[PDB]
Amino acid sequence: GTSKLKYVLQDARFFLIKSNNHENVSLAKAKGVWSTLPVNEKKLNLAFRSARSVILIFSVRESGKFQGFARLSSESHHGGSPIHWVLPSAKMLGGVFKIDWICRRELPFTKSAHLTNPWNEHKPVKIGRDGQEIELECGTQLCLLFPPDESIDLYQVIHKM
């Protein structure tokens, strides 16, 4: 079903995350963590305190697809277990966010061609720099396009809200 998913997405904020390689998204899916440059770290920390759910929607550059989406469970923090990201300097990155995956399945851009993002000049939602915010209605419909991930139980997610 999709009802618990819709509950998690109610009044959420959504951000497009662009990774330059699959290895970083795989690390994020295995460890439940993400890290971004300071300019985006500041925006995500502001958003985390402002909204019931902040959703990161991931796309590997040149993959033609999204690779899933996750909900922030923390603000960024330093001093944790060092993550071996593939950098295309490690000191340039900000803190580490903890995330709970909502969907680990892929969605091809061809399936989202009808969704435009008002916060990026109404360009197709696939288009956007790393960190681009996706307006509520677009973001909700984008997440609902993904194939359901029957491996995930949103009961745990709902209780952190």
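Residues numbered from 1 in each chain as written, not as in the entry; some residues may be left out. Heavy atoms only, no water. Residues with missing side-chain atoms left out of burial classes, pairs and counts.

The name recorded for the protein in the PDB entry is YTHDC1, from Homo sapiens. In the PDB, the structure is listed with the title "Crystal structure of YTHDC1 with fragment 29 (DHU_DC1_218)".

The geometry of two aromatic rings is summed up by the distance between their centres and the angle between their planes. Following the criterion strictly, the structure yields six aromatic pairs and no others. A centroid spacing of 4.9 Å and a plane angle of 70° characterise the contact between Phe66 and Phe109, whose relative ring orientation is edge-to-face. Owing to a relative accessible area of 17%, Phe109 belongs among the buried residues under this scheme. Look at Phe66 and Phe146: their rings are 6.0 Å apart centre to centre, the planes differ by 55°, and that puts the pair in the tilted class. Across this residue pair, the class does not change: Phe66 and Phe146 are buried. Taken together, the ring pairs connect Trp34, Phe58, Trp85 and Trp101 into an aromatic cluster. (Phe/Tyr/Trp six-rings, centres within 6.5 Å; stacked < 30°, edge-to-face > 60°. Buried < 20%, exposed > 50% of the residue type's maximum accessible area, 1.4 Å probe, protein only.)

Turning to helix α3 (residues 38–50), a few remarks are in order. When the terminal C-alpha atoms of α3 are compared, their 18 Å separation across 13 residues agrees well with the 18 Å that a helix rising 1.5 Å per residue should span. Those residues of α3 not exposed but buried are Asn40, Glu41, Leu44, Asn45 and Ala47. When α3 is viewed along its axis, its buried side chains cluster within an angular range of 165° and face the same direction. Projecting away from the buried face of α3 at angles above 90 degrees are the exposed residues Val39, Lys42, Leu46 and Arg49. Buried residues belonging to α3 abut β1 (13–19), β3 (54–60), β5 (68–72) and β6 (97–103). (Helix = DSSP H or I, 4+ residues; strand = E, 2+ residues; numbered from the N terminus. Expected span 1.5 Å × (residues − 1). Arc of directions from axis to C-beta. Contact = heavy atoms within 4.5 Å.)

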